[PDB]
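**Student:**
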RNA sequence: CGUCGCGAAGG
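Protein chains in written order, with our numbering: chain F, 198 to 239; chain W, 171 to 272; chain B, -8 to 39; chain G, 1382 to 1768; chain Y, 162 to 592; chain Z, 64 to 264; chain D, 236 to 356; chain S, -9 to 41.
1) Spatial neighbours of residue 147 of chain Y within its chain, please: C-beta separation below 6 Å, excluding the five flanking residues on both sides.
2) I'd like to know whether the C-beta atoms of residue 288 of chain D and residue 325 of chain D end up nearer to each other than 7 Å.
3) Determine whether the Cβ of residue -8 of chain B lies closer than 7 Å to any Cβ atom of chain G.
4) In three-state DSSP terms, what is residue 299 of chain Y?
5) Can you pull out the residues from the segment 335 to 354 of chain Y whose beta carbon lies closer than 9 Å to at least one beta carbon of chain W?
6) Measuring CA to CA, which of S:6, S:-4 and S:21 is closest to residue 40 of chain S?
7) Looking at residue 1745 of chain G and residue 1529 of chain G, is the spacing between their C-beta atoms short of 7 Å?
8) Cβ closer than 7 Å: which chain G residues qualify as neighbours of residue 54 of chain B?
9) Helix or strand or just coil, what does DSSP make of residue 4 of chain B?
10) How many whole angstroms separate the CB atoms of residue 1686 of chain G and residue 1663 of chain G, which I take to be in contact at a CB cut-off of 8 Å?
11) So what does DSSP say about residue 21 of chain S, is it helix, strand or coil?
12) Helix or strand or just coil, what does DSSP make of residue 207 of chain W?
13) Report the three-state DSSP secondary structure of residue -1 of chain B (helix, strand or coil).
14) For residue 11 of chain B, would you say it is in contact with chain G, using Cβ-to-Cβ distances shorter than 7 Å as the test?
15) Rounding to the nearest angstrom, what Cα-Cα distance links residue 253 of chain Y and residue 291 of chain Y in this structure?
16) Roughly how many angstroms separate the alpha carbons of residue 1785 of chain G and residue 1634 of chain G, rounded to a whole number?
17) Tell me where the beta strand (DSSP E) around residue 1325 of chain G begins and ends.
18) Please report how far the alpha carbon of residue 541 of chain Y lies from the alpha carbon of residue 1667 of chain G, in whole angstroms.
19) What does residue 129 of chain Z reach in chain Y if we use C-beta pairs closer than 8 Å?
20) Compare the C-beta of residue 293 of chain Y with all C-beta atoms of chain Z and state if any pair is closer than 7 Å.
21) In angstroms, rounded to a whole number, what distance separates the CA positions of residue 511 of chain Y and residue 183 of chain Z?
22) Do residue 274 of chain D and residue 265 of chain D count as a contact pair if the criterion is CB distance below 7 Å?
23) Ignore the nearest five residues each way along the sequence and tell me which others in residue 404 of chain Y's own chain have a CB closer than 6 Å to its CB.
24) Distance, Cα to Cα, residue 1626 of chain G vs residue 1553 of chain G?
25) Could you tell me whether the Cβ atoms of residue 415 of chain Y and residue 1389 of chain G are closer together than 7 Å?
26) Excluding five sequence neighbours on each side, which residues of the same chain lie with their C-beta closer than 8 Å to the C-beta of residue 210 of chain W?
27) List the endpoints of the continuous beta strand (DSSP E) containing residue 1692 of chain G.
28) Please state whether DSSP places residue 162 of chain Z in a helix, a strand or coil.
29) Should residue 331 of chain Y go down as buried or exposed, given a rule of 16 or more other Cβ atoms within 10 Å for buried?
30) Going by alpha carbons, who is nearest to residue 204 of chain Z out of Z:224, Z:174 and Z:243?
31) Under 7 Å between beta-carbons, which chain D residues line up against residue 281 of chain W? List them in chain order, please.
32) Use the C-beta contact count for residue 1596 of chain G: other C-beta atoms within 10 angstroms, 16 or more gives buried, fewer gives exposed.
33) Mind pulling the chain B residues with CB within less than 7 Å of residue 263 of chain W?
34) When the Cα atoms are used, what is the spatial distance from residue 126 of chain Z to residue 105 of chain Z?
35) DSSP three-state call for residue 400 of chain Y: helix, strand or coil?
36) Whole angstroms is fine: what's the gap from residue 11 of chain S's alpha carbon to residue 168 of chain Y's?
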């Protein structure tokens, strides 16, 4: 069960970084400080 | 316990085995499932049945959780056929485009 | 007073409802087998 | 063939132009503006900061310009050229907002009210060196003015005798808005709403011949606004919620008379029709005020969302036909909406126009001039052909 | 010039002839009912006899086809060839086919009409040479397998060239490509000449009028923000709105009403053409629905006037005509309906003209002014004309009744009008 | 008024109008004739234009004479309605000349046979930084053109002729080959009007 | 609107709409009802805000049931166009879930709002 | 059938119909040789030359 | 009164 739990944490951080890397290429007037220019997606 | 489910799984509620084998290998997940035998995604033609399967799953979620969660309705189907009219003119205004350059 | 008359003329002007690109593409679904008066007051509904 | 219900066919064969194109319209043609550029209004004398406020003299041909370079100039403007008349320079103090003021009764005062981020505002008198006064004394309420960063100027008839005098109105810090006296500098009253005062605007409404009651409309930061008259003591006569709108940032009323176009005769006052509350999500709700009289929760006549980022300056046309939205965030961020049909003008604000980072906009009272001041330190001047 | 061009000219000039067996089967397998493998073995007498049965069924449901059973569907017409005769006879047979097609344009939901017209498609080669009358006579059924079959059989004339990606494609063409076909005005002139030929033959019906109206309102909607294209497109739609209004059926009457009201809201027309269009739609009012539709188009088309004259006096030769075709009664009931379409400027010009041209029924202007809402410059203008009226004639009791109504509401406006003209003491001394 | 209308007498109708062939100020359309048997018209005003306009054959094969196409443009010749201010000879061949007019327009005229008298179009090239152009977006013409300069040393590789306008703070170039404005205007960097341009041979 | 159980007051509505504005700034929320139920089933939602302004309220009140099963805090707000303009979308949204990130820059105001929501049951 | 295939940019033309009356062969004195159907618009061999 | 890049109704 503990090995299941560390697999959960590891897959969570992998999905975290991969979803951030996918989200970084959508759109937005971005700038590395990671924040977006406040304008609503029309 | 069907109303407590999102529009995406109301879309793909049928063909889950092709869904999960497509997820656990590298393929592309299906789009109709059990709603394919409805009367409107057969009316559409092309990948218009894919787009209509998504919008009809969303309106099925609306209508379904309304008449599963309300406790005062008259059972006349009012937002049902309203959503039918909205799905129908959505279908018409998306089939009316012609991606062939005239 | 004349400027107030002209400014009252341009204040007393109600909100029109314009026409645009897809203002009447919805007519092509219920185009078939509808009486002409029903089509006409449908067009007046889309306008007003 | 010949030897010589047909009415419109015969006159189709007669004429071959099919619009009443001439001056026999008196209204703006919708969805197609008719607008020319002019010479740069800051050409004869360069500026050095962002033009933080523009205004016009309500009768004279003077365009007043002030910014963060702690100076304020006043140009005399026309088509082919425009020159500087005077240019006062206040050391130590910037000016966040600066504006003309003419008294309603005598029409021979011509004060300038200039306020920065400090605690004082400066009052200049104009009759042609020159002297100024330093309004710096809140009388009873010194812990409610962090700054004089935003103010307005408005008339008031005192409702037991017709001693029409001016009033400056300051943004508070908690929820306050103080009013003052324009000439002397007494405190008169301070009204207060909850949340944060974000902005406010001044309505007028006449009561009889030569007698008018003003109304201060002030927003929350949430969307429920208070409108209270202040020709008596300032207590609330109506409070109503914006239908929607969360982060609202500016409100401007008008169509009749307001700060950008006051009157000179007292009986030339006019009840303002249109009201325009603009958010930070780009949205602008605008209402009429012939159906939002006593509704207490009115519907927006239009909900524009045409420009994206946070709007700062929205002004009216002096006769109430053209609203101007202007967001001070992104480049080329100004639009004009035709107000009676609430359409958006398509042809003018295109990418071949050098609006820049627009940070002030101001209409002329009668010429139809339109001044836009951007961040680079200039102000361009368009002319609307219709007026 | 190009020899290839001068030969393609004679190719399109002699497409309707068979000079070997391959071109004969290519020119014969084009059929409206059957496919290629069966239509390539049909002798002419077979399709002629089943088409004669089809014409007889169509004749016993419609009494204007015995002339065709005498002339063009005759027994000798299976041996009459097309291109062996003289050009006068080919012109006569050409407008014979045109008369047949715009007679049987309203019957295409029937297998008898399909099997009847299949004969002269197969024999008289109207799938090649009398092409455009076929196309823009059966254009209105564009969502139909008969139209998909017509479009797969025919070759496209150069006007209809934006249909050319629907040959051999089992999706029927769309409403948007129908509007893109109606957009360019050099198709539009041809369609209007077809439409007025159909009007003068009096075969206008409630399906193709509906289709023509929906196409015209969507063309106007496509050019909603194109001032030059609308200025070029007025004297086509307006001219056949006129010669559609000159007909008698209520369908084509209020179809012309519909294109008129959408064009008036599309752009601000001139005051004189608004007045003449009002006189035209008013001088030929017959039926019951024509009354209600003409009233709504008069009200909206007169409301869209932004400029002086917009509340002026409508003249006498159309005002007495309006009083003839519309009573002052039931104008009250149209005002008393609940939804209240915007009619303020026309009601104002109606009040000013009933004040200045009739001056004997002022209870009516009192009643309708009491029951409509009105705008302030209009009520100032009508009380200014009412003061002119009160000082040109003697103050009767109904006149002082609606004047004391105008005192009881908007005291400041009537006092400002009297300050523009004289004094309220002299006015009360008059009344 | 400048306009030219085609009436059709078999239908008492208007086939097509044609707006502003010749400008109204110089007289509008003075003489506009058909040609005997031919479906081309020849129009000339008083503003030194001379155009011809062909009628197309009809587009519908059956109906024919009721859908008449609008008349297309065709061959034209043209001066510039006002006396020219400056004269230059482009090539060493004595073949093409450049006329800087007084109606704020630059033309290239021929000397052999007049088939190629053409205006150099004032569509400014884009500034090379990646950003948008300078000058007016609306096609109003340039200022009055005072003094120009001309050589044929490296034609076509870059900007060939330069000129100096009336009370304009810079002096701008053109290109003789592409027959339009070049990229780079040269400011005089002293806040003065430019009066005398020249080029190295 | 009787089935609209807990809906916030004026000041609490204002502070949660400012924190959902900052959430849309930092891209830490998922918007829309079906997206809300997706992130609720996969169990990332800090809390749920929902707009009691739609013509059925039963289009949203199906997620309260699994929200009570999963003990997540949830609260109503009387204006869906306010939800839209505060969430940063030109259409009126219905529901919005705020996803979980302990390494945020708005963690403390999110948690103070979460306590102010879970206190009124 | 009464055709006129008028061509001007090559020289004074010359005719030869085929043995049966189907195909036509025309020849300009400049360089033009065209073999073509004439009752059908089927130009099946055009060739310019320079002799 | 100590307080805090270009761009005349498109490219």
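No residue lacks a Cβ here, since even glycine has one placed at the ideal position from N, Cα and C.
**Tutor:** Inspection of the coordinates gives the following:
1) Absent from the model: residue 147 of chain Y. The displayed extent of chain Y is 162 to 592, so no value can be given.
2) no
3) no
4) coil
5) 335, 336, 337, 338, 341 and 342
6) S:21
7) no
8) Chain B is shown from -8 up to 39; residue 54 of chain B falls before or after that span and cannot be answered.
9) coil
10) Going by Cβ atoms, the distance from residue 1686 of chain G to residue 1663 of chain G rounds to 6 Å, so yes, they are a contact pair.
11) If DSSP states are grouped into helix, strand and coil, residue 21 of chain S belongs with coil.
12) In the structure shown, the three-state DSSP call for residue 207 of chain W is helix.
13) In the structure shown, residue -1 of chain B sits in a helix (DSSP, three-state: H, G or I).
14) no
15) Residue 253 of chain Y and residue 291 of chain Y: Cα-Cα distance of roughly 12 Å.
16) This structure gives no information on residue 1785 of chain G, because the portion of chain G shown stretches from 1382 to 1768.
17) Residue 1325 of chain G is absent from the structure shown; chain G starts at 1382 and stops at 1768.
18) 28 Å
19) 350, 351 and 354
20) Contact with chain Z is found for residue 293 of chain Y, since one of that chain's Cβ atoms lies less than 7 Å from the residue's Cβ.
21) Residue 511 of chain Y and residue 183 of chain Z have their C-alpha atoms spaced approximately 59 Å apart.
22) yes
23) 357
24) 22 Å
25) no
26) 222, 226, 257, 258 and 261
27) 1692 to 1697
28) If DSSP states are grouped into helix, strand and coil, residue 162 of chain Z belongs with the strands.
29) exposed
30) Z:243
31) The shown model of chain W, from 171 to 272, leaves out residue 281 of chain W, and the question about it has no answer.
32) Under this definition residue 1596 of chain G is a buried residue.
33) 16
34) Looking at the two C-alpha atoms, the distance is approximately 28 Å.
35) Assigned with DSSP and collapsed to three states, residue 400 of chain Y falls in helix.
36) Roughly 17 Å separates the two Cα atoms.
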